[PDB]
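Below you'll find the structure, written out as structure tokens, and then a few comments.
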Amino acid sequence: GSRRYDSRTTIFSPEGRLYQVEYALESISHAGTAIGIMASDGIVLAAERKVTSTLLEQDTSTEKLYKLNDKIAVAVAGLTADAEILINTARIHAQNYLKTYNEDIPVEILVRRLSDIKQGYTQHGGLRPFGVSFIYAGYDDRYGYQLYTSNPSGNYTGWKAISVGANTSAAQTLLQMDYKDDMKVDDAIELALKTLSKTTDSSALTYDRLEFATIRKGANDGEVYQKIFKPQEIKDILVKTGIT
Amino acid sequence: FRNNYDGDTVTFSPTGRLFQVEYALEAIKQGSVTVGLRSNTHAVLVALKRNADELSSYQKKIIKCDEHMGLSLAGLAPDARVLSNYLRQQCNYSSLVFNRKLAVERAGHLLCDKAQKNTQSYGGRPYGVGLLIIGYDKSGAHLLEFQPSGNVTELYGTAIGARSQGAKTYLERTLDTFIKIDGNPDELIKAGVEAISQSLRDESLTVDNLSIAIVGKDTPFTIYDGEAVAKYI
Amino acid sequence: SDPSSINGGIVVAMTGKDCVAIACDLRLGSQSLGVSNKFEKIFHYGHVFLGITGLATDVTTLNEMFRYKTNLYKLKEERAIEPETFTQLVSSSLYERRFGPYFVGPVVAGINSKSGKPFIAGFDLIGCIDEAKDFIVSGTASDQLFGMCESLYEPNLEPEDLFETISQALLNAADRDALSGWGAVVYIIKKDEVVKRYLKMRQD
Amino acid sequence: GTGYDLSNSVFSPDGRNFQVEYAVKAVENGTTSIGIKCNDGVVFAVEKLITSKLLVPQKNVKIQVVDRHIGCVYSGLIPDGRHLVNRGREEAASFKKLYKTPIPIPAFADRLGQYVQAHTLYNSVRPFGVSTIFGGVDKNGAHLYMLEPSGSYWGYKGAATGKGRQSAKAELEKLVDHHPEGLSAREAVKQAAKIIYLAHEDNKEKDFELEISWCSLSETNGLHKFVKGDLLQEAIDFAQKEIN
Amino acid sequence: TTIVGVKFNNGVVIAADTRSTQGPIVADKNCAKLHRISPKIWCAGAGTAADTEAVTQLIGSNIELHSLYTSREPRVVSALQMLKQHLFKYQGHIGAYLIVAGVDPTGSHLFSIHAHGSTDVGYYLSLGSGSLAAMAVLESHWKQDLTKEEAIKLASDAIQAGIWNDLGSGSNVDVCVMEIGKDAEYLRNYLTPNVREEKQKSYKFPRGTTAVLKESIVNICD
Amino acid sequence: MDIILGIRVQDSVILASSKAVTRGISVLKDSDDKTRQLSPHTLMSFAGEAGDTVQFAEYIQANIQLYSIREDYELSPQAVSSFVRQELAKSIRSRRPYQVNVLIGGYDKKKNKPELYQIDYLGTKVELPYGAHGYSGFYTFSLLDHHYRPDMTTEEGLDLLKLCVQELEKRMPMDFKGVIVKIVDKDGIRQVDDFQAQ
Amino acid sequence: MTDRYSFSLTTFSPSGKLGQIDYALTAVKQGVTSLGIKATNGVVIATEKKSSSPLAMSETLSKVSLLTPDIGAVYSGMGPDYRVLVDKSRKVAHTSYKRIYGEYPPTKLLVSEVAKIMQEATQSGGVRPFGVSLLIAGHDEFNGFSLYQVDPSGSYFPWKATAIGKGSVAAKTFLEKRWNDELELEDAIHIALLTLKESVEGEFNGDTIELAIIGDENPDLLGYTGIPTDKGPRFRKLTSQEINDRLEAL
Amino acid sequence: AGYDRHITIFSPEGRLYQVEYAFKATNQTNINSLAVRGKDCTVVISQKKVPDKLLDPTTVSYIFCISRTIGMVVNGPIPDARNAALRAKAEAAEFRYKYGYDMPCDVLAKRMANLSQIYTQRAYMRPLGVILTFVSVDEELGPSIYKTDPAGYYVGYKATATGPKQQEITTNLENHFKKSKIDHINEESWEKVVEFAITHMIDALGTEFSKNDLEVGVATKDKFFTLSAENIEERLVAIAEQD
Amino acid sequence: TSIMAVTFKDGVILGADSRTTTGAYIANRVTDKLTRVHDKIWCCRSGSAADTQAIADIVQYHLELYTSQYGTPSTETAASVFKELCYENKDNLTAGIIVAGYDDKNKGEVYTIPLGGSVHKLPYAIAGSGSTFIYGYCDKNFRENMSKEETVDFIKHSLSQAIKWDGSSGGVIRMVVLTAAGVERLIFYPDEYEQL
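Chains as they are written, first to last, in UniProt numbering: chain H, 2 to 245; chain C, 2 to 234; chain X, 2 to 205; chain B, 5 to 248; chain S, 30 to 251; chain V, 1 to 198; chain P, 1 to 250; chain U, 10 to 252; chain Z, 20 to 215.
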């Protein structure tokens with residue numbers, strides 16, 4: 002028979018742990034670090050492009066920051082390909098909601114959906130889990146700004162500031178040290194850059210190795226705006242905060 | 002050896018055997034004894050019923066498939082239920098569609114083919130039961146022996162189960178004697194009760210311990226239990 | 002009876018000098034009974050405008066559908082869909098229901114943001130694209146609209162003039178159609194700005 | 005390493021399929037049977053071990069017919085043989101239904117071939133524990149065939165398989181030489197009954213029963229029929245005579 | 030609709046009018062009834078416009094993929110077999126009537142396909158409501174061994190017969206020439222014998238003629 | 001057919017629905033409530049085919065209550081109506097369509113404004129000051145067109161209805177056995193159990 | 001019968017690695033070198049035609065394939081896997097784009113599709129990852145010219161220039177030296193011919209090399225005329241000859 | 010671990026053992042075959058080794074007639090050869106039906122190669138232990154030889170050989186071409202091209218052949234056929250007088 | 020439509036008119052109703068052009084695959100395949116087919132498959148709307164084992180009468196001769212047969 006070659010990706014360990022999930026998490030831990038910090042007037046998503054080259058095109062890229070909705074975006078940590086499969090189903094779910102209720106999908110409803118999908122690969126199907134962790138940054142008129150996180154297990158939680166990928170422990174301690182409830186978006190933009198700058202496994206923290214995005218509710222308007230910083234804008238924000 | 006080739010039926014051993022099937026055949030021997038013998042007018046089935054406690058009943062071992070056919074089991078009861086039930090339909094089909102009684106030789110073919118399918122595909126297990134089928138069709142009395150391996154054979158008489166070899170020798174020796182017990186059913190039944198006790202050892206066939214079934218020229222397969230078999234104990 | 006004559010309504014698009022206009026009535030009825038004077042039939046996804054006449058429920062459904070598709074189109078392509086491309090999307094979307102069609106008569110109007118060239122198109126209920134450089138009509142008063150357009154129209158009209166033309170074409174056809182009227186709205190589109198004017202017409 | 009002999013479709017380092025080979029062992033372990041192609045037909049014969057005096061004689065028939073003009077005999081696991089015939093019968097009915105003309109023996113061979121070869125492609129099935137000798141008369145001649153568990157099959161002048169497979173093959177090779185122009189149907193029937201008696205030496209311990217069948221354009225009209233009564237006895241004796 | 034196909038000494042040519050109707054009303058005064066299946070296999074289609082467009086592009090797409098897979102030029106007989114087996118499947122419900130022509134590694138071809146899936150071969154063919162007007166002209170001026178220009182004339186003339194005599198046909202004439210050795214040359218509006226005479230007056234309105242009730246700017250940018 | 005009227009005043013939505021249930025030649029019941037509460041601040045009235053009518057309402061109600069529990073939130077009237085339209089628009093092209101017409105009236109606690117939605121069995125939705133399904137509109141729309149004012153008080157609204165119902169009881173051929181009235185406002189849904197003689 | 005293999009053949013290991021993807025990448029490593037360079041007005045992709053017998057006809061086997069008239073691809077790794085991938089790619093280009101929008105897909109999107117197909121062979125039941133890495137080069141009106149690399153994991157990234165396969169490391173280094181954001185197509189075709197010289201051991205001519213570019217529209221490669229907006233394919237595979245002429249001024 | 014040798018998944022070296030072992034199976038019949046291209050024909054030669062005397066020599070072949078124009082010779086076990094032949098026949102039949110023209114040799118090859126690539130990636134399908142050589146006189150490409158293997162790889166050849174002594178035949182042929190400088194046997198009759206084939210077959214193998222030691226297939230414009238014991242004998246006799 | 024197949028001494032001949040109409044309009048006046056399914060197995064098509072063509076194409080497919088595996092098929096087998104399609108799908112087909120082939124063992128054979136989907140083997144067969152008018156003439160002039168010219172004449176006269184009376188038939192008379200000698204294509208224009 003075939004039973005011989007079956008890994009049995011969905012079984013419990015004698016300790017009551019999910020082998021594949023724990024190993025997927027171990028995988029994520031070697032991926033570029035991504036930070037998510039929520040201010041009073043906005044949210045900041047920052048990510049470190051793990052490994053690069055001089056020829057790698059930084060302009061025609063967006064390997065870790067993806068726009069889900071017009072009010073929701075995510076930072077990725079893990080298999081880009083796996084992430085794209087989940088991201089796409091997520092973009093579809095948001096649109097079905099919009100078509101059904103003629104209202105944008107509340108941030109948590111979208112996060113729960115995706116997490117449930119992940120959770121499924123955990124309980125049946127005999128397929129390997131998605132080696133991906135997301136940090137969700139979004140807005141809606143019920144909870145305003147929200148920050149979330151979901152991992153291979155299918156679990157998700159909310160945060161004021163959080164990180165995924167490598168050196169999360171170090172980064173979470175630094176964040177838990179200088180974060181403050183009243184923080185303003187630009188303060189957060191700075192905390193994010195500082196935190197990555199202290200956990201990086203690289204020499205310097207140049208602009209070509211970074212991705213930045215902010216969901217601010219531009220005062221001059223009355224609605225929410227998503228802005229994925231361009232190579233140049235990241236270069237600037239890097240000089241100002243004093244890292245040249 | 003064996004250890005690595007008896008995981009499932011879809012695997013052949015290096016010698017060319019199918020262990021899962023042989024293990025099935027094993028459950029048969031571990032089963033209670035039953036005997037079968039026929040003449041030219043009748044066919045009889047005598048079986049020894051088994052019980053758990055002394056507060057438990059004795060597991061029936063004779064099943065009627067149609068009015069002209071029936072069988073006795075040795076091994077897993079459930080599998081006999083499945084097989085007898087598949088045979089009940091085959092007989093019913095033949096009657097309804099062709100208005101014909103199913104030839105005993107053909108009933109055997111169907112059983113053989115159903116059993117074989119379970120020994121070539123992954124996931125299934127062989128049937129763990131042996132069957133003795135008697136029946137009076139358009140070509141006289143008949144007796145068949147069914148093996149989970151899918152092997153069915155037509156005999157004059159035979160026995161299966163534990164110590165079944167006793168009865169089988171008695172019969173192989175008494176051949177010329179009962180093969181001529183035509184016209185008289187009570188003789189075949191007595192001869193059967195004898196051959197079967199050749200395989201006894203523990204106790205002696207009691208009333209609620211014995212079970213006899215018969216079919217023939219003018220006898221629609223009927224089952225005898227208890228007081229009904231007293232006159233043979 | 003005819004799903005295209007239950008609710009009523011009209012739409013018309015015209016091309017001018019470096020501009021395009023698309024107008025529609027505001028009526029939504031149920032046979033002879035008027036039910037709403039606020040049923041607009043023009044929608045836009047980015048800078049591309051789409052008008053839908055026909056069975057109201059489908060007009061609504063198609064709008065929700067194209068919103069859905071153009072939204073995902075923008076997320077993948079990272080650019081707003083163009084008139085010519087959208088026109089193709091409408092066509093293939095309609096034909097996908099070839100044997101169970103949406104009872105509508107779509108009209109596309111917009112200016113190619115990259116070539117600044119004006120664009121208008123029309124399709125039948127199963128997606129057949131009808132391309133014209135002057136005007137497109139649709140709805141229960143399509144004959145009257147053809148009547149007006151065919152006479153009143155002349156090339157390269159200026160925004161302030163095209164408006165007058167389109168408005169008179171719409172207004173006078175709607176008045177010869179029992180199932181149209183109850184208000185109107187015109188859209189004047191230019192490479193950068195879009196004006197929306199509600200016209201004054203009889204309410205009977 | 006090892007273990008190349010546990011799954012039915014694995015290629016061992018030398019390019020073999022051990023399971024198919026282990027299957028053959030089951031064939032050789034079986035009763036011997038043969039086929040003799042004559043000048044206008046074919047003859048099939050097989051050995052029937054008599055386990056005891058309880059086996060009704062002439063009742064446990066082994067040779068089988070496919071359609072109306074095909075004879076099939078096999079050595080090894082009997083149940084598998086039947087399964088292969090049941091298939092051939094359907095295979096042949098299908099052909100007749102579409103083309104009207106009853107299935108050509110060569111055409112019929114490939115059908116069984118493809119089917120058998122199929123059971124060596126997936127590890128979810130077991131190979132056939134039988135070798136089959138079959139044939140008949142058709143639009144252009146008589147044909148004799150032998151099919152192996154590997155799915156391999158060829159046309160034969162004479163063929164045999166089972167325990168007495170070597171004795172038989174020897175006798176057959178003689179006939180092939182001492183009859184270059186061709187044997188006759190009536191002749192092959194006798195010659196066959198003989199080769200079986202001889203080849204019964206590799207099992208001389210148990211008593212047996214003989215079975216012959218033939219398909220001759222002249223003797224049977226091209227239809228497969230069983231040799232019974234007088235013509236049978238005449239061949240039994242011809243054997244008992246040259247068995248001393 | 031009037032569509033025709035004419036074979037000439039070294040190729041084939043197809044033409045069609047440009048009137049698209051809806052009942053007695055002209056929907057498109059200049060629609061194109063000539064469809065490209067592959068660079069050198071073109072199709073003329075009458076019947077339901079959405080169907081001739083759709084069936085034509087579908088097969089065209091599969092032909093392109095087949096071509097890439099086999100590394101060979103598309104054959105007209107392949108577009109013909111695909112078209113007819115598709116139309117046949119839909120038992121006539123896909124109202125497409127096509128005249129398919131083209132050149133390929135095996136010569137020049139001319140075929141016709143009916144909505145139900147039947148096909149015909151010939152040197153000259155016509156389809157559509159103009160079918161008879163055109164065929165009357167073809168039956169009168171066709172001859173074996175026409176020159177490329179003789180064919181374009183005959184074809185052009187046949188379509189005219191339709192434009193003038195059939196109400197379902199009108200406006201312009203589109204031609205497409207496929208020659209055994211050269212590239213297929215598509216001639217959109219090869220003829221335009223129906224131009225509108227200048228209007229008798231201008232209906233430009235004095236600004237302010239239309240009464241407005243409300244006004245506003247529309248938001249396009251996000 | 002049945003009477004299904006709805007009117008949106010200053011700070012509430014009023015729904016009037018006939019009480020009669022006629023099966024053939026006889027009037028089986030004279031106190032039928034042709035409505036369902038989709039949520040604490042959203043009410044839906046309905047009329048149409050014999051079985052489809054209640055089956056649809058209860059199906060819609062069930063889904064809305066499920067959403068409320070799953071999310072611990074109450075969907076806006078606009079959201080509920082869009083959901084209901086989609087359901088009807090789906091069934092219209094199905095094997096056996098629900099032949100039901102509905103009026104959805106709710107109070108949007110987030111905008112603090114009452115809202116009235118009219119949706120017919122085809123999935124045709126429109127938002128209105130006052131609406132009706134069936135023949136009801138034919139008798140009442142002229143009265144409402146005349147006397148309706150956006151700033152009417154719940155009281156002025158109940159009087160405008162009373163007038164509508166009277167015109168209906170005069171000119172309409174069928175005895176619809178009066179109506180049941182309900183108000184939807186910032187405080188929920190309540191029934192004016194005295195319109196039989198208000 | 002029946003695929004009883006409905007479970008994943010690629011799973012996570014304790015260290016967090018995905019074995020089958022690592023191994024597939026190892027297969028790509030042993031493959032013949034291939035590369036791509038992006039100029040300011042074109043893109044060039046090239047590889048070596050490693051013949052498996054002088055009896056074999058090297059033309060009857062292209063390693064550079066056209067996906068759409070504006071997109072081409074090349075690879076390193078297992079040729080067969082590449083072949084079926086190219087077919088699935090050319091088709092998805094139609095079914096998922098041309099048949100909806102009436103135009104061919106933009107490079108990034110088609111790459112995204114290809115990438116998806118490879119991702120599934122990384123998680124779906126009963127299969128192994130594709131043993132190849134592709135370099136897809138194309139052009140689209142709103143994005144211009146671009147070059148992407150798709151790996152067995154399904155991941156993909158854009159490049160200015162890069163190489164994959166046997167001597168990718170050496171070649172990637174040689175490219176960094178000679179690349180600048182001001183190269184003209186011909187300059188890149190040159191740099192390409194040089195970088196590829198180091199990889200090829202034996203003969204280095206227009207018959208041992210396969211090179212195609214994404215440049216201007218070739219109205220002569222359209223097959224017809226009469227439609228203004230249809231100017232021709234931007235993808236052109238260089239001829240044995242066109243190669244040698246540049247091999248001189250090498 | 011040790012199972013990456015049983016199913017078709019990668020080994021740490023990025024190898025697929027099961028595909029390598031399938032290649033082994035192709036030499037199990039110990040038969041050699043070669044193919045060359047005439048000016049307007051294609052010939053395939055293959056050793057016919059009928060050991061057993063009880064075998065009907067006429068039913069022992071590894072050359073098949075796929076279609077009216079395509080011929081295929083197989084190197085490998087017979088059951089896998091017949092499986093491959095049936096499939097190819099069905100594919101060429103259907104192709105004609107769907108597209109309106111005969112399936113080209115090179116295309117049928119790609120199709121069979123693609124089918125083989127599948128067994129290379131899917132775990133429940135084992136590769137077929139055979140190498141297929143397709144020949145015909147394509148209407149667009151003239152004489153053609155395309156061969157596919159268990160790895161799913163395929164290519165066109167000027168001439169080629171397969172079997173245990175594959176290399177001896179190949180180098181022999183390689184040399185003949187380095188000499189003649191052309192990519193084919195410059196002959197008009199196929200009979201001569203067949204003779205050339207049988208000749209170089211003997212030189213490289215260093216063995217003499219009778220009329221029952223060979224098997225010949227010839228592809229020509231609009232037709233592919235196989236020679237009979239006697240058609241061959243005639244070919245043997247011809248080369249005899251000259252040596 | 021007028022079509023027929025006649026078996027004679029050396030083999031068999033198939034004939035037909037060349038007119039296909041849609042109402043009273045002649046859509047095609049040079050139609051080839053004689054369709055090849057195999058080298059020496061042909062058929063005459065009457066009824067739905069779309070249906071018979073699709074049937075013929077499928078049959079040709081089946082015989083080509085039959086040949087790939089079992090060599091040249093019998094004329095009876097070809098008829099069997101036609102019958103299978105026509106009978107099993109009688110509810111969706113309007114096809115009248117005459118199957119004629121040449122075998123070397125069976126010489127010439129003719130099978131007729133009428134609307135129902137049943138098969139009938141005959142010395143000769145006629146079908147098509149125009150056939151009705153020549154039942155008398157044919158039963159009076161058919162003789163078994165005529166010569167090739169005798170048969171080509173029997174057919175030429177029969178169809179000329181059929182074309183004469185039936186407006187659905189017309190154009191040119193086509194024929195296809197099937198003998199051991201090979202396959203021969205004959206054509207006869209109006210000016211010749213109209214004067215018979």
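Where a beta carbon is used, it is the ideal one built from N, C-alpha and C, also for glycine.
- For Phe143 (chain U) and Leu43 (chain U), the gap between their C-alpha atoms comes out near 11 Å.
- Contact between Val47 (chain C) and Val194 (chain C) is confirmed by a C-beta separation of about 6 Å, below the 8 Å threshold.
- By the neighbour-count criterion, in which a residue is buried when 16 or more other Cβ atoms sit within 10 angstroms of its Cβ, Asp179 (chain H) is exposed.
- The segment 103-112 of chain P and the segment 4-11 of chain P do not touch, with fewer than three beta-carbon pairs separated by less than 8 Å.
- By the rule that beta-carbons nearer than 8 Å mark a contact, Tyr163 (chain U) does not touch chain S.
- Judged by DSSP in its simplified three-state form, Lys181 (chain C) adopts coil rather than helix or strand.
- Classified as exposed, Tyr154 (chain Z) has fewer than 16 neighbouring CB atoms from the shown chains inside 10 Å of its CB.
- The C-alpha of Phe230 (chain H) is placed about 30 Å away from the C-alpha of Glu184 (chain P).
- For the segment 93-112 of chain S, the set of residues with a beta-carbon nearer than 8 Å to any beta-carbon of chain P comprises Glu93, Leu94, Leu97 and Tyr98, in chain order.
- Here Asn84 (chain U) carries a strand assignment [DSSP, helix/strand/coil].
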